[PDB]
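None of the figures in this text is laboratory data; all of them are computed from the coordinates on show. Neighbour counts are summed over all protein chains in view; Cβ atoms, including those assigned to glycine, are modelled from backbone coordinates with ideal geometry.
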Amino acid sequence: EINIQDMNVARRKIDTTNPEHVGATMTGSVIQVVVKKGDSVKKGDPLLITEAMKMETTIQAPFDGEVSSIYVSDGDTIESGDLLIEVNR
Amino acid sequence: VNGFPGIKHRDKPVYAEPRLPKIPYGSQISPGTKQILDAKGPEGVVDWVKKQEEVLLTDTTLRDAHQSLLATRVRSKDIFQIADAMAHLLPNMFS
Amino acid sequence: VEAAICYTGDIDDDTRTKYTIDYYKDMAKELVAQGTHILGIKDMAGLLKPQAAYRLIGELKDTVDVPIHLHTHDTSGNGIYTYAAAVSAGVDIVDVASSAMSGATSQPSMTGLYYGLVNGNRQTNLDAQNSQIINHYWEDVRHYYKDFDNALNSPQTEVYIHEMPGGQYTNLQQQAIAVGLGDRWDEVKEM
Amino acid sequence: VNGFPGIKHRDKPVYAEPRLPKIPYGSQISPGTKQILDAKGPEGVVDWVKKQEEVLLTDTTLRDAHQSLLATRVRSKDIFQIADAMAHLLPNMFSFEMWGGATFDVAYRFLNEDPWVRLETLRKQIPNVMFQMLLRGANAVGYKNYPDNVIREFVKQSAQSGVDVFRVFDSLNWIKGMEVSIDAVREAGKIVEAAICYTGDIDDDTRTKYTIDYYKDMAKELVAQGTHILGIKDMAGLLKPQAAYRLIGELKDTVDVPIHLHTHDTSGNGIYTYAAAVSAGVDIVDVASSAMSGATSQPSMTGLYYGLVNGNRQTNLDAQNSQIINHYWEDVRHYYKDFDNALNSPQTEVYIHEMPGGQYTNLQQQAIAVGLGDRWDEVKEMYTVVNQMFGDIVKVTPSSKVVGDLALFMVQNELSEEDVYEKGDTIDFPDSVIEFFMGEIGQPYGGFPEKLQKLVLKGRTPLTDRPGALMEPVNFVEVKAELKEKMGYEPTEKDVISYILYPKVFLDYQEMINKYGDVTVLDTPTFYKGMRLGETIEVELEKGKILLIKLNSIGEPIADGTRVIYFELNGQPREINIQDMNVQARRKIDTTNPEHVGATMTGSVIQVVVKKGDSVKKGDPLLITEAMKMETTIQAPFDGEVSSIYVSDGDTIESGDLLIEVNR
Amino acid sequence: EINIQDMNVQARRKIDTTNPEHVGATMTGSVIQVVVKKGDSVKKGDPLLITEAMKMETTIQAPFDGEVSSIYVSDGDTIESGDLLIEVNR
Amino acid sequence: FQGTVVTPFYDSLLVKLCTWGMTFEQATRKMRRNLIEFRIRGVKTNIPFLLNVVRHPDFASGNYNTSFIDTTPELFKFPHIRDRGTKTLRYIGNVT
Amino acid sequence: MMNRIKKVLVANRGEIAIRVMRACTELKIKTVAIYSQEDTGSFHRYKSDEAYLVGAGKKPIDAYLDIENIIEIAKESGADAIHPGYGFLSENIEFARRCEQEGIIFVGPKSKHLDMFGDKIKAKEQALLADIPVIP
Ligand SMILES: Nc1ncnc2c1ncn2[C@@H]1O[C@@H]2COP(=O)(O)O[C@H]3[C@@H](O)[C@H](n4cnc5c(N)ncnc54)O[C@@H]3COP(=O)(O)O[C@H]2[C@H]1O
Ligand SMILES: [Mn+2]
Ligand SMILES: [Mn+2]
C-alpha cells in the first residue's frame, strides 16, 4: 500500500469500536482544523473547532498520541458520527 | 443548495396537505372570555370564573406545547392558518 | 395578573422539610396580598403527583379566595391523573394541549382530559369533536418539524429524582452530547 | 447491496451501544411466581394472589408493547440480551407477557427466527417469574381454523416449552369458541386466564347491548367453565376510569377469582383507568417499560408505581431497577425506527370508531396503499357504520379485520349503507365478510343481522357450531412424513406444529436459514442495514464463538449485476458474490492473460451466445459483435469453461474492452 | 425540446403534488409489473402498474380517463412513497 | 500474520524463529537464510539486527558472553535499505 | 487421553497462548482464549475453540491481570485447568491460590514454590540449603 497525493480531486462514519476514531458529536460544519498529520498531542488538546447553529465547540484529543489521517477541511459540512480525525496511540 | 443551518440537509419530503376545518362564510365567532374582560375588567373575569362549576381550560398548543416538543420552532404561518378555526371551534377556553 | 408559585420537591414526603405544604400556603397568601387576580401553580417539571395535588389544591382553596390555575407537564405519564385529582379538589383552570402536541414533556391532552372526566362529578366545557377537528391539523403540521422532534416522547420517571424541568432535559442532553459526554449522560443526571 | 425488504434503503446509522445493567457475578435470582406454580400448581398461585395487598403487575414489554409500537419486530437477540437482568431486577412481577399474539408468525415470517427458540432460551434465562402468552381460543396463534387436535397439541407444546399463564380470548366474546383451548390449558396443568373483551361504554345506558350485567353474566359463565383468573381485555383502550371502578368493584362482588386488567393507553387515560381499577381492588394490571409504553401500548410500569406510591394501595416494583431496565429499551428502540410509525400521541377518536390499538396503524396502511390516504377520515367513519351494520360487535383480531375489510371496500366503491342493502345480491363482498357471516370466526352476541346475512351469503348455508368441531383431525404421522421430505431431515414436534399452523411461511423460513444460516444471531442494526465500508462487527454464533467481520470494499458489477464483496472474517480475507438487483469506465483486457477475451474492434454487441458456467471447445461461438454493421463472431481461443461476462446485448464496445473470460 | 432515445444508459423524481396527472408510489417497495405503454389510452380505474409492499401486491389505477404519457420506472425497480411512477394526460 | 495490527500496549513479538542442525554451524547457516527470506512490510522489524548478530564471527565461534552485544558497535551499523520496489510503485502511483 | 483436564483456559495472549492451545488440541483438550479489548483482533483469539473478552474497562496490561474476571470466565466455561503461560499471572501467588479455591488446576508448580522463588533472598536461601554455589 503506498500513499499518493492526488493533486486534482460519500462521507465516512466512525468505527465505534475504535477509540482512535474521533467523530463529529453534532451536525454542523468545521470552522477550523488546529493540527496536522504527524503532530504530537496530549489528552484534552484542541484538534479542531466545529459549529452547531453557529455555537462553536472544540473537539479535544481523547488521549495522548500522534495525529494520523484527517478527513475534513475548514468549511466542510458535517453530521454527527462523521469521522473527522484519527489519533494513534 | 446549501441546506438549512443546523439540520441534516435532505430532500424535501412529499407532504400531505394539512386538514383544515371548513368554516362556512358568514359564521359568526361566539363571544368568550375576551368580551368579559373588555366589558367588566379583570375582576369581572375573576367573578365569572368563580361561578363556573366546570373546570376551565387554557390551551398551550400555540406556546408551551411546541416549546417542549419542537424546540419552539412552530412558525407563525402554521399558527395563523388554524387560528380562525380556533376562534370558531374552541370558543369556551379560558385562554 | 396570574402570579405563580413554582412547584418543586414532594409535599407528601415529610423527610423533605424545605418545600412543604405550609411553604406553598404561605407563599399563596403573600401573592394575594401582593395583588394577583388568579393564583398560578406552575409545575414545570411535572413533579406534582395526584394525591399531593388533591391536598395541595384542597388546602389552597381553604386558604385563599382567588381562583387557582394549575399547569403541569406529562413527563412522568401521570399528568391526566394529577389533573383528575386537582379537579376533584376544585381547581379552577388547568393547562392542556391538542392531543397531537400533548404527552411526554408537554401538557396533557385536552381531549383526553375531557373524556377522563365526562362521566365523573365534575366536567370540562370543551366540544370534543371540534377539538378533534383542530387536532387533525396539528397531526399533519407536526410532520413538518421532524428535524426538531427529538424529545424522547415516552414517560421518564427519573424526573422525580433529578427534577430537571421539561425543556432543559432535551436541551441539556444536547450540550452533553456536543461536549463529548453523550456516553456519560447518566453521570450528568446524577451530578 | 440490495437493502432490506420493505424499507427505504439507507446507510446504517451510528448507534449508541445499549446500556446494559451490570449484574455482579454470582448474584442469585430471587424466586418468584414460577416457583409457587412449580410447587403448588395453579390453585397455589391463585391463593397467593388473593393474599396480596398490593397490586400485581404483568409486564408486556416483550410482547404486546412492541406489537403495538414496532409492528412486533423486536428480535430475539435484543430480548435475550436483557432477559438476565429482568430475572434479577424485576423478580416480583406476576408474569412477563412474552409470547403469542403476532410474535409467532412475525418471528418466522419477517424476522427469520424461531419463536419456540425464543421461548425456550428465555425460559432458562428467566427461571423465577411466570411466563404468559395471549392465545385466541379458537385458533391459537394461527391464521384460520384448525381441527381440535391441532389446538390441543399447540397448547401442550407451549405449556411444556415454558408458558405458564394462557390468556385466552375470543374475538366476539363467544365462550364456546374457547372451550378447546381452555380445556387443553387445564389438561396441561397451567393457569387459565380466560378473558372478556371490553367494548362499548357501560356508563351510557343508551347503549343496552354491552352493559355491566352482560359483563357480570359473562364472568359467571367463565368461572363455571373453569378459569383460574378472570381476564378483562380492553383491546381498544375504551374503559374509562369511573367505568373501571364500578366494573371491577362489581365483578369483585360477583365472582371469587382474581381479576386481571389489560388496557391500552390510546386515549391517554390508561394510568387514570388503572388508578380507578386499583381502588376497586383489581388484582393484576398490564404495564410496559416506560420507553415502550404510552399511546397504543400499555401504560408505564414506573409511571404507575409513582402514581400510586403515595395512595392507599401500591404496586410492588422497585422503581430504580425498572428505570435501569428501561435505559436498555430507550437505546434499543432506536434500532427499530423504520417500524416506529405509530403516531404516538393521544387519539381519543377511538371512543367513536373502536378500532383496537394495532389495527388503527395497520388499516391506515392498507388505506394509503390502495390510494385512500387522502380519505382516511371517511374510512374511519365507515368503520363505525359497518360496526353498526353488523349489529354492534366486539372488534379485535379477527373480527376487527372483517369490519376493516368491509369499511375499505365500501369507501373504495363509493357505497353507502343503503346501497349495500339495495344492491347487496349483485355485490361481491370480501371473503372475510362472507366467512364472518358464515360463522367461520364464531357467533356474535345478539346473532347476525338477518337481512345483511342473506345478501352476503347469496344462498349459502351458515353453520352455527365451532368451525373446528366439524374439521377432519390432522394425521400427525402423515404430516410429519410430508414435512420430512420437504425439509430433507427429521423434524421436531415443534417444527410439525408450526408447519401445520403456517405451512407457506414455515417453508419460506427453512429456505431462508438454509441459504443464510441462523441470522437470528446477528445484531439488529446489521440484520436490517448490513455493513458500512470500513466497519467491523462481531457476530456471536454461540457463547464463546464469535465471527469478527470487516467490510473492506464492494466490487464493480459485471453484466448480470454480480459484485464481489471483499470482507475479512477473523483475519481471513473472503470474497463473496452478490447479485446487485438494481444497478444505477469499462475494463480493458489484461493482455498477458489469454483467458481474457477482448473486443477486436470498435462497435457494439449484437448477441451473447453463452452463459457463465457453460462448457466450450476451441473455435466455439462466444458472442457476436458489429463494426459499421459488418458482423463478426468472437470464438473461444481454446477449450474451457466460461467464467464472467462483462457485456450485454446492445452494449457499445471499443477495441481492447474485456468482454468475456474463459477459464482453462 | 426534442426527444432522443438513449440507447446505452449509465436520485429518483417525486410527484408534484399539485398535478394530479402525476401518479405516485403510495408505499415503499418495488415494481412487479408495468401494464401499459406510453401513448396507450385508459379509463378511470384501469390498471397502470402493479407494486409490492413487504410482498403484499397492490394495483395502481388510473385516477381518471386519459392518455398515458411518460413512464419513470421499470419492472424490478425499487420505489419509495412519493416517487413519480407514471404520468396520465387528460 | 498478514493483516494484523500491531499495537503499542503489549510486546512487539511477531514470530519466534528457530533453526536446528546436527551442529551449531549447520543451525547457524539456516538462521541466516531464514532471517533473510522473511518478508514483512508495513512495519519495521529487528531483523537487520538479528542478522548482524548471527553473521558476526564471534557468534559463529560460539565464544561470546553477556557483554558481547554491548561492546560490539559494528552490530549497530545497518546496510542501506534497497527499496527499488517501493520507489517504483510511487512513480507508477503518481502518474496513474 | 487425559484424566481430569477436558478443557483448558489459556490465561495469556500472543505467542505463548497459541503455543499452549496447540498442545491442548494435540491432547484432545478443548481451549478457551481470553483477550483484552485492545487485543480484540489478536490472532491468538482465533486459535481457540472459544474466546471471551477479559478485563472490560481496565487499562491494557491490567486486563490480563484481572483475577476475578478470569476466574469467572473459567467457571462459566467449565474449564478444568488454567495455563498462565509466562508473564502476567504465571508467577502470581494469589492467582494460583484462587485456582485452588475453585477446584481448578493451575498448570504449574505449587503456590509455595512461587512463594519461595519469588523473593530473590528466599531463593538464594534455598540454593544454599540445597548446597549449590552462589554469588557473593
Ligand atoms: N371512594 C371512591 N368512590 C368512588 N370512586 C372512587 C373512590 N375511590 C376511587 N374512585 C375512582 O378511582 C379514581 C382513582 O381514585 P384515586 O384515589 O386512585 O385517585 C383519586 C384521589 O387521589 C383524589 N380524590 C378524589 N376524590 C377523593 C376523596 N374523596 N378523598 C381522597 N382523595 C380523592 O383524586 C383522584 C381521582 O379522583 P376521581 O374521582 O377523579 O377518580 C377516582 C374515582 O374515579
Ligand atoms: Mn411550562
Ligand atoms: Mn392488547
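Worth a mention:
- Mean-square fluctuations from a GNM of chain B, with a 10 angstrom spring cutoff on Cα atoms, peak among B:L70, B:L37, B:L57 at B:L70.
- Distance histogram for the stretch D:467-518 (every C-alpha pair counted, 5 angstrom bins, percent rounded to whole numbers): 4, 18, 28, 23, 13, 6, 4, 2, 0
- Put simply, the convex hull of the Cα atoms in the stretch D:404-454 casts, on average, a shadow of 3.7 nm².
- Structure remark: mean-square fluctuation, Gaussian network model of chain G, C-alpha springs under 10 Å; the largest value among G:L53, G:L27, G:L89 belongs to G:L27.
- With bins 10 Å wide beginning at 0, the percent of Cα pairs of the stretch D:512-664 falling in each bin runs 10, 30, 26, 18, 13, 3, 0.
- Helical contribution to [θ] at 222 nm, DSSP H n ≥ 4, -39,500 (n - 2.57), averaged over chain F, rounded to 500: -12000 deg cm²/dmol
- If a spin label sat at a point 7 angstrom from the Cα of C:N119 along the line to its beta carbon, the backbone N atoms of the stretch D:348-371 nearer than 17 Å would be those of D:348-355.
- If you plug the beta carbon distance of B:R10 and D:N475 into 1/(1 + (r/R0)^6) with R0 = 51 Å, you get a FRET efficiency near 0.35.
- Largest to smallest principal axis extent of the C-alpha atoms in chain G, angstrom: 48, 39, 27
- One compactness figure for the stretch D:35-339 is 0.93, namely its Cα radius of gyration divided by 2.2 N^0.38 Å.
- P(r), alpha carbons of the stretch D:207-274 - 10 Å bins starting at zero, rounded %: 20, 53, 26, 2
- Label-to-label distance, D:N413 versus G:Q126, with points set 7 angstrom from Cα along the beta-carbon direction: 9.6 nm.
- A viscosity of 0.890 mPa s and a temperature of 25 °C, combined with the Kirkwood radius over Cα pairs in Stokes-Einstein, give a translational diffusion coefficient for the stretch D:340-466 of 162 µm²/s.
- Cβ-Cβ FRET estimate between D:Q388 and F:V43, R0 fixed at 56 Å, reported to 0.05: 0.10
- Computed over the stretch D:240-340: relative contact order in percent, which uses C-alpha pairs under 8 Å that are six or more apart: 24 percent
- Normalised by residue number, the volume inside the convex hull of the Cα atoms of chain F is 154 Å³ per residue.
- Over 39 Å [Cα-Cα, chain D], rounded percent: 42 percent
- The protein assembly as shown - share of DSSP beta bridges that are antiparallel (%, nearest 5): 55 percent
- CD proxy at 222 nm, helix term only [per DSSP H run n ≥ 4: -39500 (n - 2.57); per residue of chain G; nearest 500]: -11000 deg cm²/dmol
- Convex hull volume of the C-alpha atoms in the stretch C:35-191, normalised per residue: 139 Å³.
- Put a dot 7 Å past the Cα of D:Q607, heading toward its Cβ, do the same for C:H37, and the two dots end up 9.3 nm apart.
- Where only DSSP H runs of four or more residues are counted, chain D gives -11000 deg cm²/dmol as its mean residue ellipticity at 222 nm, each run worth -39500 (n - 2.57).
- Count of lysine pairs in chain F with Cα separation under 19 Å (8 or more residues apart, or interchain): 4
- Proportion of all alpha-carbon pairs of the stretch D:511-573 beyond 20 Å (%): 36 percent
- Relative to its Kirkwood radius, the Cα radius of gyration of the protein assembly as shown gives an Rg/Rh of 1.00.
- Within the stretch D:35-339, percent of DSSP bridges classed antiparallel, to nearest 5: 5 percent
- Each residue of chain E gets 117 Å³ once the volume of the Cα convex hull is shared out per residue.
- Mean Cα-pair separation over length for the stretch D:464-560, i.e. relative contact order, pairs under 8 Å, 6 or more apart, %: 14 percent
- Scaled against the 2.2 N^0.38 Å expected of a compact globular protein of N residues, the Cα radius of gyration of the stretch D:159-232 reads 1.21.
- Simple spin-label estimate for F:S12 and D:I513 gives 5.0 nm between the two label positions (7 Å along the Cα-to-Cβ direction from each Cα).
- Taking the centroid of alpha carbons for each part, the stretch D:457-504 and the stretch D:629-664 are 53 Å apart.
- Just checking the listed ones, B:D38, B:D11, B:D59: in the Gaussian network model of chain B with Cα springs under 10 Å, the one fluctuating most is B:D11.
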